[PDB]
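So this first bit is one chain, no partners, the form solved without the named molecule, shown in structure tokens.
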């Protein structure tokens, strides 16, 4: 189906991201938790299009710190942990169905699955270091945290809530834990190169690509925005 091959229009973060995308070596599909965009049908579209276009496909699901997003928006830890487990199981089920339909390996991980991986741990340590020591990087990470909480506030219908600093610093643990895959997902997983793919721009990535921090993306890592057009 040429409809499937053209399901998405790709917008690269940088010209280097475009080259990695055009090499079609590997795509990492970021599935955000507690986001109504990621229905069964949409996850199938992502994987169907990825399977026609890329040599290798991997799905990234949220790890343990997804509970922080709920704990910030008024969920006690017990309910938050159960809601995360349920959400990850559903994301896995839909992703596995579509990978299987395409004759693909069931290559699905959470960002918590790499605590014994030296690349993940060392990039994570770098992210934590500059979060503590570079106010500019810290501010950008806290803005990613604000974005994640604002979206779910609207999504769990709670837009009257003030987003406090304590909310931001609790939720930024999610941002810091996911960021190594934005920076170095190919090297963490073991592919020669990769693009992480998502449906929204990554403003911090634009700054990283503008050489604004000592935090850098790996040379073999790109980021693409997936749009759908008529």
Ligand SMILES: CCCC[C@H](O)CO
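Numbering follows the first chain given and starts at 1.
Beyond what is shown, the protein has a form deposited with the named molecule bound; the following relates to that form.
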Exercise for the section: Would you mind fitting the named molecule into the shown chain by superposing the local C-alphas on its pose in the bound PDB entry and telling me if the pocket reads open or blocked at 2.4 Å from backbone or C-beta atoms, 3 atoms or more being blocked? Expected result: open
Exercise for the section: Using a 4.5 Å heavy atom cut-off, state whether residue 180 contacts the named molecule in the bound PDB entry. Expected result: no
Practice task
Verify the contact flag for residue 205: yes if a non-hydrogen atom of it lies within 4.5 Å of a non-hydrogen atom of the named molecule in the bound PDB entry, no if not.
Solution key: no
Handout entry: Close approach of residue 187 to the named molecule in the bound PDB entry, 4.5 Å, heavy atom
Key = no
Exercise for the section: Check whether residue 31 has any heavy atom within 4.5 Å of a heavy atom of the named molecule in the bound PDB entry, and answer yes or no. Expected result: yes
Completion exercise
Students should find that, of 94, 111, 137, 124, the residue having a non-hydrogen atom no more than 4.5 angstroms from the named molecule in the bound PDB entry is 111
Practice task
Select from the listed residues 61, 171, 57, 43 the one whose heavy atoms reach within 4.5 Å of the named molecule in the bound PDB entry.
Solution key: 61
Fill in the blank from the handout: TL;DR on 172-180, 187-195, 45-53, 159-167: the one with heavy atoms within 4.5 Å of the named molecule in the bound PDB entry is 172-180
